[PDB]
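Undergrad: First, the structure itself, so that you have it in front of you.
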Amino acid sequence: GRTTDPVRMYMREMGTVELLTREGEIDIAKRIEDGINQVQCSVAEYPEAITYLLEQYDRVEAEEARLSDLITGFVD
Amino acid sequence: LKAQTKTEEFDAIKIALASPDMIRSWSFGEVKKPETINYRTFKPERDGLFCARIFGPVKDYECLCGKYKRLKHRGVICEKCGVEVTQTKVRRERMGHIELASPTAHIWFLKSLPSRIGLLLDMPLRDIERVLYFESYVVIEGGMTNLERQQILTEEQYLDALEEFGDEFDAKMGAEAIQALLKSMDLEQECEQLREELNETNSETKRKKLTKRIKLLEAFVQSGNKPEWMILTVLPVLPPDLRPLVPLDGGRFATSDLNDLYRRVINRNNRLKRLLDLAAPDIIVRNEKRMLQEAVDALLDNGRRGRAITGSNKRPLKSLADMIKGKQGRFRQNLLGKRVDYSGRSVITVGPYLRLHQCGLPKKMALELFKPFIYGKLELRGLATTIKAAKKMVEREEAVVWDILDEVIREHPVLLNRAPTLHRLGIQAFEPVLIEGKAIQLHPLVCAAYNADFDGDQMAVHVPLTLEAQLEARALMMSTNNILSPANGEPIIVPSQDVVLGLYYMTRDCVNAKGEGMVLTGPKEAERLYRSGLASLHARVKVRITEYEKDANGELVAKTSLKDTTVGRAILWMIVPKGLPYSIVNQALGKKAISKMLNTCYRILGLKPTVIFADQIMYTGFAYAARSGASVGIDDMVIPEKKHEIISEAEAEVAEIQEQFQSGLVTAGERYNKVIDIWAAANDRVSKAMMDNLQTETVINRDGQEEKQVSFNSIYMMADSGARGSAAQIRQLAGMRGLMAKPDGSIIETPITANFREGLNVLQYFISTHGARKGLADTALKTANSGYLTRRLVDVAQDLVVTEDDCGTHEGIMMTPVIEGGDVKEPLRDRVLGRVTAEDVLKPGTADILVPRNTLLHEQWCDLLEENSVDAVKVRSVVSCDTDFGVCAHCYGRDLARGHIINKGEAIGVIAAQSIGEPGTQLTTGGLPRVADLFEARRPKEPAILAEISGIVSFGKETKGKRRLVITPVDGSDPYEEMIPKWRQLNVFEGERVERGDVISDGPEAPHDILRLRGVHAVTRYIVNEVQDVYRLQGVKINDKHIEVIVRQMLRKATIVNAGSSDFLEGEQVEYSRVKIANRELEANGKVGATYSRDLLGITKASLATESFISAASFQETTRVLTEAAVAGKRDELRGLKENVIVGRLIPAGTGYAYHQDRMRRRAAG
Amino acid sequence: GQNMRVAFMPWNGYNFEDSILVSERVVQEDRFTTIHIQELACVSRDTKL
Amino acid sequence: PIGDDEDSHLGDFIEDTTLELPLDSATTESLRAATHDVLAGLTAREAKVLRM
Amino acid sequence: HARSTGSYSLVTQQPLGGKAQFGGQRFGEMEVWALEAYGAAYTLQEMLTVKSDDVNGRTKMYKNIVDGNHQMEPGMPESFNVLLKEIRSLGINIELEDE
Amino acid sequence: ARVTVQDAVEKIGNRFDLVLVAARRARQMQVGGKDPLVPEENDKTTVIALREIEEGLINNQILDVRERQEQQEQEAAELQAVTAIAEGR
Ligand SMILES: [Mg+2]
Ligand SMILES: [Zn+2]
Ligand SMILES: [Zn+2]
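These protein sequence lines map, in sequence, to chains A, B, C, D, E and F.
For the first sequence, position 49 (counting from the first letter as 1) is numbered 140 according to PDB author numbering, and the numbering increases by one without interruption.
Just so we're aligned: the second sequence equals residues 8 to 931, 1135 to 1376 in PDB author numbering.
For the third sequence, position 47 (counting from the first letter as 1) is numbered 843 according to PDB author numbering, and the numbering increases by one without interruption.
For the fourth sequence, position 43 (counting from the first letter as 1) is numbered 552 according to PDB author numbering, and the numbering increases by one without interruption.
For the fifth sequence, position 30 (counting from the first letter as 1) is numbered 1273 according to PDB author numbering, and the numbering increases by one without interruption.
For the sixth sequence, position 34 (counting from the first letter as 1) is numbered 35 according to PDB author numbering, and the numbering increases by one without interruption.
Structure follows, in structure tokens:
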């Protein structure tokens, strides 16, 4: 059953998984978008998450940090 | 008193499993990176396999960064990069570690034949491996639901069972699983339960395994090892200098293979930590865990899974297991050998001018060897300002240094050694004599001991350095101090070839010669008569001689007389010292006689006179052989005149039988035997023709017409004296040579008719060639077999050493002359010589004790026994010795190069093994393999069977493949019934009584049987007599002693029958056991004392058991021994030879016996 | 090699086993003398120093 | 592995060049005695100044 | 060939010719046995400790040899010392007990 | 030169303890603590010691005794020096 030689117990273990249909990729990716956006929105609903960002920008213009360490930019 | 903390001189050693915290204790840092060195500046990349911070400074007393360069700052840890500046040597010492992500099995405990993790858990190997590879789930602490604790499940099964029971059930997989199993395991509870289960059920199958396993478990508990440690949480890294990156020429680098492995391990480890921090899917992190397992395994012991290969090179990489094991079978660098300073070697030459106590040592060699002494002696006398100047001087080879060298050489011995060292005489100490030349000069009489020809063999010299080494070499290894083979009391200093031809030619007599019949005052004017050319060397003459007999009390009596002797014998007599009678030199002086002269001289006058005697014998033998003008011509080899006629008649017989085969009166095979027989008879006739003609044909006239005596022909004198040549080889020279045999072994019926004096033609030579090649092959093979055999022998003996003085047991074996089938294949006197008497012995009449209880029987005692008719003496032996863990000197015997009783502390096991081994090259079921079979106690192919018990026997049942034999003891119960296959022809009488150990069939018998049904003395007697049959059939002299000590080592272990202290069936030391039952017979339990049964273990088997594990790791399979010892937490106390040899301290024998003893008593005491 | 006058006879044990005892006439005539030709090398390398 | 197929392997022939030879070590030991005696020669203050 | 004190192997400190100044003779198992039959312990010890394998022993020796004092202060052979690490490099703990 | 040691072996039985005792005495000579008990022939301390064994004027008994005496011989000197260490109290 197992010849050992871990290349095999891998090759056989992954070979069970079925290849995705072209649509399945988009189903899964959509699911990804769903999950993430859920955590993002959950972050937006936290008051301290706002106030903290504000304080951090009060620190940015005070030269205690840089614009690159807070935002990667906005939309734009 | 405060005992101590830091460095002492340690005793014993301990081995066990390693805790993660322990591995951390060793570790001075965690190597976090696969990087080695920076690639331009070659400095170590910090925290990497090669590191300054963790391990040590690159150069002596210098910080890596370069800040603190001074030899002052030492305990300082640098602020920049912490490195304590200390010698670079500490990079050869400090260990390290790696914290693995997932747990890992230690491949030694997984794959060792009795898999440790496996049988500790009572879990099969393949299952465990199936678990480690994530190929299935295994339960841990199943609680009460549906499931066994050790039970294995599949994916779907685990899912279903989990759905049924969420909690109160547990299952894992992978390494973490097995580790959790081992950790959860409670050994004590298992102990209780197993004791109970052992008690309840009666089946052999059940309680055998039950008891074995419980013993295993409790041993593991007592060890101090906790099972978890078989799974590695932390992996130690070996010090960098033990796996160096050191640079080479051309700027190229070279590094150990452990770096590739360690690198791989670190890589996959870090990548696994990364894959954990990246939240990878299971299928990935699992592959990574497996790969890490493989990497670690490959690092520790490579080859038990995949045998990984090194970068760009096909050849598999050497792992730590391979580092320990070494190669050339089992060799640990104290075994195969070790290079040694103060040594040398070169081609060897003769040097007859030498006294037997010295040897020629080449000048330059002496200079280079003694160079440090010379340096010190040069500036001690003040010839050189400083040591530097001394070097400059000896390098310049200034005139004054040679004298200083003559100073440091004088009383300073040197050790000389040859290539095939077998017996202890392979190394001998000599007094150096400065010689101009590049060749080593070695005393002729020693050539026999070294088996050293002059055909270009080389000898190696070693300079004894310390004072103790000089005095050891002089009082032990010294040439003059060994005159006698340790195997048998006979002299090894016996004159070899030229010398014996000299003494033989000297004392011999022809019929008529110059000075025949005249008379002389003494040896002086005899020699004067000879040197002046007036009288011939050999002539029958009466001369007055003065001999001596010490036969008074310690005192030399004088007696004079007119002896009938020759001129040569008279001359030679001048040499013979003191108390020897003239009788010894008045014979023809053959090799045997010339040897017995020496022997008697030694057993009478003592050592020194014998030494100088042998010396003079050599000198005179050489001188007179030289004067003799002995030579060899083509006409010295005389062919029988009747040869051709014998050839013709014997050739007529073959045509007779050929005619009969043509006419069909006789069958082909019968014909074959007939012709072969007639040709063999022919060869016998020609041989016994040429022997008569060669031997007696001198026909010479004294005052009459004719008289005939033994020939003065050169080749005859050479063959007869024993100098060189033999009846067989001489037969090959003159008479025809033999009948050859095809490789098949079917002997050719057309023998070689021609000899070497005549020509051999094409076919004859071609046929001789096979005999030659097979000869060289077989001999060169028997060398190897000899070596292997000796090896097994010292392995089985070794640590056996004379320890106590006298155990004082009356016990011993009955010594009779061997008396085989004819008259006396060996006398009583040889068998009992130098052996101590077990009890007093009797004249035919009694209350007269000739020999009083225990007394060394020397030549005089043995002769006193010989005067009387005594046929029987009981003698103490090494096998019967009451002393435990060694032999008492009183039991052993006297034998040594010295005639005195064996010293206290000499290591006898080794010299016994050697003594048995050295002649092994000279041995031809029978043979050397027969010897091996004997010492291995192998049950033969077609063995006999001995009656289990005395009393009338008869046959029972039928033909099932065994027709059963029913024995009927007189008083006792019958039920003993053995199943004897009936297809083997029997012996035992259906109507007669048979004693236990009688012949119930024919063929050889396994010594196990002889030991059980006959007993210890009987079995030791069988072994010694059979092996001695093998050796003595070849003309090999070996005292029964050595064989008896080997035998003692063979029977060292025995199995218990009764009980009251330890387990029932255990094989164990009879030393331990007997010392326990001797202790149990009183005090303790009043008597609970157990009964054992003596066991027979083969030499290769008995060698397996050794207390010391360091010793076992030498000659056995290292990998297994280390594991098997580590699980038990076995503590090696040394106490033996091999172990102390490995660890590098004084041998607990010989000179060191005073040390180890004084320390042994300090141990286990106040 | 070279042929030479040889005598078979024990001479003062100096021929003891296979050993050979040779006259000064031979070493003087320089006949058994041999010429050896050795090749020695010196390598100029590059070190970081 | 290098020739003979024997246990001779490349790493066996790598010699430690970082070790100091005993022939020199003896001279390092002797130089101390020599300079010590010679430093016993000068005035106690000159000796102290030179040792300093 | 002859050697007094030559170069030494790096991996395990043992006599090795680097100059074509020869490494010493190899003292093997059989030679050791031959030393064992004789009662010579010190010859053996110096053979496998100070004359060869001991990195401390050899120099402490040489100095005594030139000083006119014949002795040895043996220490522990470097082979066994390395082997200890090689064993400890695995999951095995090997220690030296007592005093 | 001592060609054979047999006589010394006669003087002390063991022949190993002979090597030991002779070594000890030999060092008593080599390191310069003491001087020979018998004329030196140019024989090194190695052989001088053995000659001393043969004459029966040197063995384990004698050596142990002498050393035991020398201990007190040093105790005699250092008596006043070490008793001055009463500052220990
Ligand atoms: Mg040969
Ligand atoms: Zn630094
Ligand atoms: Zn005994």
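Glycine is no exception: its CB is placed at the ideal position from the N, C-alpha and C atoms.
(1) Residues of chain E with a CB under 7 Å from the CB of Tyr382/B: which are they?
(2) List the residues that DSSP assigns as beta-bridge partners of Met725/B.
(3) CA-CA distance, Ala533/B and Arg547/B?
(4) Compute every distance between the C-beta of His817/B and the non-hydrogen atoms of ligand 3, then say whether any falls below 8 Å.
(5) Where does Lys66/B land, buried or exposed, given buried means 16+ other C-beta within 10 angstroms?
(6) The alpha helix (DSSP H) spanning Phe141/B covers which residue range?
(7) I'd like the span of the alpha helix (DSSP H) that includes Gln665/B, first residue to last.
(8) Tell me whether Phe17/F sits in a helix, a strand or coil according to DSSP, three-state version.
(9) To the nearest angstrom, report how far apart residue 171/A and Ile30/B are at their CA atoms.
(10) To be precise: take each residue of the segment 445 to 465 of chain B, compare its Cβ to all Cβ atoms of chain C, and keep it if any distance is under 7 Å. Which residues remain?
(11) Can we count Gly463/B as close to ligand 1, meaning its CB is less than 8 Å from some heavy atom?
(12) Comparing alpha-carbon positions, which option in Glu418/B, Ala687/B, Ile434/B and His419/B lies nearest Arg425/B?
(13) Between the segment 351 to 378 of chain B and chain C, which residues of the former have CB atoms less than 8 Å from a CB of the latter, in chain order?
(14) In the structure shown, what three-state DSSP assignment does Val1229/B receive?
(15) Return the chain-ordered list of same chain residues with a C-beta closer than 7 Å to the C-beta of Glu846/B, the five sequence neighbours on each side being excluded.
(16) Determine the DSSP secondary structure at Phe1145/B, reduced to helix, strand or coil.
(17) How long is the line joining the alpha carbons of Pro647/B and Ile578/B, rounded to whole angstroms?
(18) Compute the Euclidean distance between the alpha carbons of residue 1026/B and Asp1342/B, then round it to the nearest angstrom.
(19) Does the Cβ-Cβ distance between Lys781/B and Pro750/B come in under 9 Å?
(20) Going by C-alpha distance, which of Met822/B, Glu827/B, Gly829/B and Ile826/B is nearest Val848/B?
(21) Taking DSSP as the reference, what is the three-state secondary structure of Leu1339/E?
(22) Does any C-beta atom of chain F lie closer than 9 Å to the C-beta of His1313/E?
(23) Have a look at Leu508/B and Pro1320/E and give me their C-alpha separation to the nearest angstrom.
(24) Within 10 angstroms of the Cβ of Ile86/F, are there 16 or more other Cβ atoms? Answer buried if so, exposed if not.
(25) Taking buried to mean at least 16 other C-beta atoms within 10 Å of its own C-beta, is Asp1250/B buried or exposed?
(26) Can you list, in chain order, the stretches of the alpha helix (DSSP H) that have 4 or more residues and sit fully within the segment 69 to 136 of chain B?
(27) For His469/B, which three-state DSSP category applies?
(28) Which one or two residues does DSSP pair with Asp558/B in a beta bridge?
(29) So, is the C-beta of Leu255/B closer than 9 Å to a C-beta in chain D?
(30) Kindly indicate the opening and closing residues of the alpha helix (DSSP H) around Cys198/B.
(31) Between the alpha carbons of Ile1177/B and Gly1213/B, how many angstroms are there, rounded?
(32) Which value, in whole angstroms, describes the spacing of the CA atoms of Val407/B and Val1309/E?
(33) What are the start and end residues of the alpha helix (DSSP H) that includes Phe629/B?
(34) For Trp686/B, count neighbouring C-beta atoms within 10 Å of its own C-beta (all shown protein chains included) and say buried if the count is 16 or more, exposed if not.
(35) For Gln1367/B, which option in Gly1346/B, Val1353/B and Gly1354/B has the closest C-alpha, if you only look at C-alpha atoms?
(36) Taking only three categories from DSSP, how would you classify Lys13/B?
TA: On the basis of the supplied data:
(1) To locate residue 382/B, count along the second sequence from 1; it is residue 375. The contacting residues are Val1309.
(2) Locating residue 725/B in the second sequence gives position 718, where the first residue counts as 1. In DSSP, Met725/B forms no bridge with anything.
(3) What you label residue 533/B is simply residue 526 of the second sequence in a count that begins at 1. What you label residue 547/B is simply residue 540 of the second sequence in a count that begins at 1. About 12 Å.
(4) Translated into positions along the second sequence, residue 817/B becomes position 810. Result no, Cβ not under 8 Å from ligand 3.
(5) Position 59 of the second sequence, counted from the first residue, corresponds to residue 66/B. If you draw a 10 Å sphere on the C-beta of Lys66/B, you find fewer than 16 other C-beta atoms in it, and that means exposed.
(6) What you label residue 141/B is simply residue 134 of the second sequence in a count that begins at 1. Careful: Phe141/B lies outside any alpha helix (DSSP H) and carries neither H nor E.
(7) Counting from 1 along the second sequence, the entry for residue 665/B is found at position 658. The continuous alpha helix (DSSP H) containing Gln665/B extends over residues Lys650 to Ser670.
(8) Numbered from 1 along the sixth sequence, position 16 holds the residue referred to as residue 17/F. In this structure, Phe17/F counts as helix in the three-state DSSP scheme.
(9) As shown, chain A starts at 92 and ends at 167. That puts residue 171/A outside it, with no answer to give.
(10) For the segment 445 to 465 of chain B, the beta-carbon criterion of a distance under 7 Å to any beta-carbon of chain C is satisfied by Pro451, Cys454, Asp460, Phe461 and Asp462.
(11) Taking the first residue of the second sequence as 1, we reach residue 463/B at position 456. It does: the Cβ of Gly463/B is within 8 Å (strictly closer) of some heavy atom of ligand 1.
(12) In the second sequence, the residue the question calls residue 425/B occupies position 418. Considering only alpha carbons, the answer is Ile434/B.
(13) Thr356, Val357 and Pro359
(14) On the second sequence, residue 1229/B is found 1019 positions in, with the first residue counted as 1. It is helical.
(15) Walking along the second sequence from the start, residue 846/B turns up at place 839. These residues qualify, in order along the chain: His817, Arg860 and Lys881.
(16) Start at 1 with the first residue of the second sequence, and residue 1145/B comes out as number 935. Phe1145/B falls in the helix class under three-state DSSP.
(17) Counted from its first residue, the second sequence places residue 647/B at position 640. Counted from its first residue, the second sequence places residue 578/B at position 571. So the alpha carbons of these two residues sit roughly 37 Å apart.
(18) For residue 1026/B, nothing is modelled; it lies in the interval where chain B passes from 931 to 1135 with no residues in between.
(19) Here residue 781/B refers to the residue found at position 774 of the second sequence. Here residue 750/B refers to the residue found at position 743 of the second sequence. Yes, they are a contact pair.
(20) Here residue 848/B is taken as the residue at index 841 of the second sequence, counted from 1. The residue with the shortest Cα to Cα distance from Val848/B is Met822/B.
(21) The residue labelled residue 1339/E in the question sits at position 96 within the fifth sequence. Reduced to three states, the DSSP call for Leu1339/E is strand.
(22) Mapped onto the fifth sequence, residue 1313/E falls at position 70. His1313/E counts as touching chain F.
(23) Position 501 of the second sequence, counting from 1, holds the residue named residue 508/B. Position 77 of the fifth sequence, counting from 1, holds the residue named residue 1320/E. Near 51 Å, if we compare the C-alpha coordinates of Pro1320/E and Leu508/B.
(24) For the purposes of this step, residue 86/F is taken as the residue at position 85 of the sixth sequence. Looking at its Cβ environment, which holds fewer than 16 other Cβ atoms inside 10 Å, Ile86/F is exposed.
(25) Along the second sequence, one-based indexing puts residue 1250/B at 1040. By the neighbour-count rule (16 or more Cβ atoms within 10 Å), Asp1250/B is buried.
(26) 114 to 118 and 123 to 127
(27) Here residue 469/B refers to the residue found at position 462 of the second sequence. Three-state result, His469/B: strand.
(28) Walking along the second sequence from the start, residue 558/B turns up at place 551. Beta-bridge pairing links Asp558/B to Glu562/B.
(29) By 1-based counting over the second sequence, the position of residue 255/B is 248. Interface with chain D (9 Å Cβ-Cβ cutoff): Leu255/B is included.
(30) Your numbering for residue 198/B matches position 191 in the second sequence. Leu194 to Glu207 is the extent of the alpha helix (DSSP H) around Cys198/B.
(31) Here residue 1177/B refers to the residue found at position 967 when the second sequence is read from its first residue. Here residue 1213/B refers to the residue found at position 1003 when the second sequence is read from its first residue. Computed Cα separation, rounded: 21 Å.
(32) Here residue 407/B is taken as the residue at index 400 of the second sequence, counted from 1. Here residue 1309/E is taken as the residue at index 66 of the fifth sequence, counted from 1. Their backbone Cα atoms lie some 18 Å apart in a straight line.
(33) On the second sequence, position 622 is the one that residue 629/B refers to. Unbroken alpha helix (DSSP H) run through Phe629/B: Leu614 to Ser635.
(34) On the second sequence, residue 686/B is found 679 positions in, with the first residue counted as 1. That one is buried.
(35) On the second sequence, residue 1367/B is found 1157 positions in, with the first residue counted as 1. Of the listed residues, the one whose Cα sits closest to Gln1367/B is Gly1346/B.
(36) Looking up residue 13/B in the second sequence gives position 6. Three-state result, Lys13/B: coil.
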